[PDB]
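See structure below.
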There are 2 protein chains.
Amino acid sequence: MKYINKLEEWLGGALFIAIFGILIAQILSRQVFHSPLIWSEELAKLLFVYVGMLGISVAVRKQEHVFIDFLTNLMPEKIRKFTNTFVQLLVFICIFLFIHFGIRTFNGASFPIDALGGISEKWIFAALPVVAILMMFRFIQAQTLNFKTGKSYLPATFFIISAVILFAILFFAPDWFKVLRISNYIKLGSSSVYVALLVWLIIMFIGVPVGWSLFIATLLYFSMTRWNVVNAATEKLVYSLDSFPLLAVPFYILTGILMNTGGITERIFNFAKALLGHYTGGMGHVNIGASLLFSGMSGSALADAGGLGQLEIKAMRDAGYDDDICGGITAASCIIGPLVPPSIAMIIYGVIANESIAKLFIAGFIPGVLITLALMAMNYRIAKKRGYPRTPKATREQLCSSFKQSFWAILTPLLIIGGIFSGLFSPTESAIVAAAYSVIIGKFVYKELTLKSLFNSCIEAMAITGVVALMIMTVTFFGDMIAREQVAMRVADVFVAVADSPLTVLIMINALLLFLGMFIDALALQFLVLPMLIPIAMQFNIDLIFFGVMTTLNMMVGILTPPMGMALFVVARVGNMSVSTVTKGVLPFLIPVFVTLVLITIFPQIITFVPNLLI
Amino acid sequence: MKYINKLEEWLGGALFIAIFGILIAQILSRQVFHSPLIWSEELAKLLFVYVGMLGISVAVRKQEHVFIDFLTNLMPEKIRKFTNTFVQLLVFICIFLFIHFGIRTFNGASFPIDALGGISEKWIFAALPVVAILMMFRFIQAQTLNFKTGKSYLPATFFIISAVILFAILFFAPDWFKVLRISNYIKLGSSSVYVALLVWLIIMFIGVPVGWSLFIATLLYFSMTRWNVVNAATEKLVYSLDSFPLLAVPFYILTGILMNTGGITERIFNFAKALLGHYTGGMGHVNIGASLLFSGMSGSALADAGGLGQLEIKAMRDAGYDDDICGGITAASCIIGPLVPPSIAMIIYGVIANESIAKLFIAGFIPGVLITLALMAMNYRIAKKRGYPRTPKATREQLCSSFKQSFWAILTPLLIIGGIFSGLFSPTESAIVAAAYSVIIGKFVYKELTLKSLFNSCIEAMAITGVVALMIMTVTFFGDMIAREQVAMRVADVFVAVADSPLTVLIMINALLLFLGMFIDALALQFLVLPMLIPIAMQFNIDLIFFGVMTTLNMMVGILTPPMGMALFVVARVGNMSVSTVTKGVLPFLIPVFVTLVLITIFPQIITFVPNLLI
Ligand code: NA
Ligand code: NA
Ligand code: NA
Ligand code: NA
């Protein structure tokens, strides 16, 4: 079907541009003309729903949804074939039920959209089935290649025939499906939730994506007890994306993509080198400072690691640094980005826990500074011990010229931090302002931007957001089961004798997260673990801002821990060195991170005092 | 199918607003910032193509396409049933072939769109089939109502079955249609065009719409001689709408609709009454002046007749004027609008004849003033003869206040005329400027416009333009047949002994048009007659600007001529009087119009000298 080969990309880019313009107009009108608008937010959320659905469809087409690949890599090809067939079957079922629930909920929408002219909510609720059909088509398309390469046992015609038969049964004899209700045959009772979770773990491990396994577990739970209750909970699937705080993700991603161009990074690194280059430790300090500077704009670590390593490692190697130490420094300095705001992890945690993003950012600011100072101290100690030389002192004129060149680029982090801390802007408004400023600077003051490049960047940002959107909707759906069955209360009742001692609970949770982070990627681990943990945290009367900061730091420590750390692989690839050297170099730099984690775990006041002062 | 019940309206309104904004930006940038844009025109035309197709679809759904209804009104109901079935059959066939040719031409599009980034022309050519499917669905929908009320013999299931069978044949064995080629059975030869024209007339009279009958005639001609040649000509169907001069129609219509509000007309009429009300003839002069003022903004006569009669007739009746005279004045004064620019008829003539719209607009101004002066003279003569009284002289303060009130509204005609005459703007730019100014005035100075009202007005303007678009495309298609066979040359060769005497040819053409205008509406008559007349005019070396002006005046005279004059019916309805009295009152006022037509026919220098001076 060649004439619909770019529908999602083009339509999503158009919607993205429209939303960007709408929010820009809102901010400009409110701040300058003192003329607040009452429809901009509603329209932006309405469009964002469709943007998210389109991103999900693109990800489904390209087979990019996140999944756990630890046990998969240990399987033979023959064994992998069966499991890869099974996961396609499950995803087919998931998309079918997706379409069904979308149609039903669209038919059920009644209330109007006040503050937008009284329009009906059907406009919001219609995005689900319309894009679900396209997702089904994309899945069928991908099955052709899957079977062609020999990775699955099922062709596309099988799925087409099954879809036709299922639609016929649905539209002409739905009462037949009442034989797929597990409650007919066995009454499990209270153990239904435990069985559902047990099968959830297995299907997740065999290779099914997290976003689909979270849906399958809830469907099994409802089928096990009483099916007709699913209709009440199915509205959350759509209501989750209609959120204003969640809207800041794509714009932060776009800002990072725009600022990650080669020209800007060169200026920033040149300034940092001219500044910090002449001290004992030298290029290590330069690398840490550059990472800290880029943290204020980037919302992720791997982007920083893969954007600057080629440049930094050259300087450190040339100065006289060993390969293992330089790899370790490059890998370790990357975790600053997710901690210093803005940060995608904090946004996800706030959305899941219904906490305010601004307080999370303010609370998490300090740990970034502590980690940076500790890293500088350790780098100084190592460089002094190993007897490296000192680079020449830079003269003033080079500092002046480097600062003059980098001025506009380095101004952005101050913009964002001032906008958020002072309360002038909300996080979404701050993201919009940063994106607009970056676009202006790229187009005019550096000439590196063009309209086609901007459109491609918007498409890329939407594609990235699509992966997160599915997990968000499904985790919101799964939280319904978790809360209804009161799993947290039962777990707390089981874990007696540790109450009144929250320190032991924190230690246990930290140990569990540290152990799990060795084999599972951070992004999947967050969604896997948070829904079960947040209610248990609320059970013991643990502050949620501090809990969010602690969990985010503990998960970011994961990308450094063998076997499976993305930072290690990226650094080894970029610097052209064996992963063993990178690992041995990182080992000496893990002590500061562990010490910081211990300090914040035992002294919550450190985290919790700044946000109260500011808010 | 409830959830697609407003698709055309909403999408077309959105596209209309987008085009309006694009042209506004182009004009503002070029005139103020001296920064010409090279993509605005291409984008506007590309969007206008889709707007026109959507309008055609809406008109097809509502059954509003123009047709000749003279012979139809004389038929019994039982005899009307057969013909009404036949016309549905023919329209079904026409839409089917429309879809087929759209698909073929979209597949055949190769060249790119320079000045728009090199995009492919498939974007332009894709509008045809996509909307043709929707037109087919709307036709099938309307057939249900048609059969329900007993006006046709065929249900909708019949058409659905026929469409399915025809599509199956088209897609799986198209070589079967080669039995529908009339050239297999009889080789008519040179008489093919004559036979096609004869059947064209025959089917047109039984009530088939003009737009479909032209297409049917062309298809029959091609099938009669050699079918495969149709593919070369089918591109004009799409290329006709991709025209910049044609883009001025909807915006002039929108300007008229916006300015036809109750408040503005009240101010204009109050000013006119305060100005011209105290002279022998009085309210007649007032009515003529008000019509002249409204001509500069309105592009049609019936709109002026129906938007002002209720107010004018009251004043004339109260003054002491008889009913027949007041009806005659009201009916006669309406023909100023189509003559004084802007005018839709002149735009259509220029599009069909490839002449410049600006020259036609400048040339048609003088007759619009001669007619007004002659009408004033005749009204004075009648009022003096019948001994009506004189109204009191208005004092200065009322004149000052009426002016002060109407100032902004009455400014618009000067805006348009100055913009066009001075060469500052092209007609499309002038239309855009007038629409923007009217919107601004309605929203701010007079506080009468709202976004919903503007959207509804845009929808109405698109609906009106949809009717014209189909006739434009089909007449462009039919011109190919007319030019290929050289009908004009043969007609000229038949009509020997009149060459070297263009006066006799003009007299013959004028007599024919005057005779035809008695039974056929002006809008249908223009498309019916122009395609054959224009080549014959070119044959005799007759200037085309003068020919266009003369034909437009001759056709506008039609709406006054019984049996069938729309002006008479509208005036009788609005003034609540019998059509016989309206006719007998119009009779005395037809002498000035005939004298003006004779004068311009015998003295082309009256028309042809102003445009040469200005251009
Ligand atoms: Na960050
Ligand atoms: Na790890
Ligand atoms: Na006019
Ligand atoms: Na007439």
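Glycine is treated like the rest: Cβ placed from N, Cα and C.
As recorded in Swiss-Prot:
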- A:1-190: region 'TRAP transporter small permease' (REGION)
- A:9-29: transmembrane segment (TRANSMEM)
- A:36-56: transmembrane segment (TRANSMEM)
- A:117-137: transmembrane segment (TRANSMEM)
- A:153-173: transmembrane segment (TRANSMEM)
- A:244-264: transmembrane segment (TRANSMEM)
- A:357-377: transmembrane segment (TRANSMEM)
- A:431-451: transmembrane segment (TRANSMEM)
- A:459-479: transmembrane segment (TRANSMEM)
- A:505-525: transmembrane segment (TRANSMEM)
- A:527-547: transmembrane segment (TRANSMEM)
- A:552-572: transmembrane segment (TRANSMEM)
- A:587-607: transmembrane segment (TRANSMEM)
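With a threshold of 8 Å between CB atoms, the same-chain residues lying at least 6 positions outside the transmembrane segment (A:459-479) that come near it are 9, 12-13, 16, 51-59, 64-66, 210-212, 214-215, 217-218, 233-234, 236-237, 240-241, 246, 249-251, 253-254, 257, 344, 348, 351-352, 527, 530-531. Pairs of Cβ atoms less than 8 Å apart link the transmembrane segment (A:431-451) most often to A:9-29, out of A:9-29, A:153-173, A:587-607. Counting Cβ pairs under 8 Å to the transmembrane segment (A:36-56), the stretch among A:244-264, A:357-377, A:552-572, A:587-607 with the most such contacts is A:244-264.
Contact count against the transmembrane segment (A:587-607) (Cβ pairs under 8 Å) is highest for A:357-377, out of A:244-264, A:357-377, A:527-547. Long-range neighbours of the transmembrane segment (A:357-377) within the same chain, counting only residues 6 or more positions beyond its ends whose Cβ lies under 8 Å from a Cβ of the stretch, are 245, 248, 281, 284-285, 288, 292, 295, 332-333, 335-336, 339-343, 346-347, 349-350, 420-421, 423, 426-427, 545-546, 548-549, 552-553, 589, 592-593, 595-596, 599-600, 606-608, 610-611, 614-615. Long-range neighbours of the transmembrane segment (A:244-264) within the same chain, counting only residues 6 or more positions beyond its ends whose Cβ lies under 8 Å from a Cβ of the stretch, are 16, 19-20, 41, 44-45, 48, 51, 294, 297-300, 303, 307, 342, 344, 347, 350-351, 357, 409, 412, 427-428, 430-432, 434-435, 438-439, 442, 446, 448-449, 457-458, 460-462, 464-465, 468, 472. Long-range contacts of the transmembrane segment (A:9-29) within the same chain, counting only residues at least 6 positions beyond its ends with a Cβ under 8 Å from a Cβ of the stretch, are 35-37, 40-41, 43-44, 47-48, 50-51, 54-55, 58, 247, 250-251, 425, 428-429, 432-433, 435-436, 455, 458-459, 461-462. Below 8 angstroms of C-beta separation, residues 70, 301-302, 305-306, 309, 327, 330-332, 334-335, 338-339, 343, 345-346, 349, 364, 367, 510, 513-514, 516-522, 525-526, 578-579, 581-583, 586, 590, 593-594, 596-597, 600 of the same chain, each at least six residues beyond the ends of the transmembrane segment (A:552-572), sit close to that stretch.
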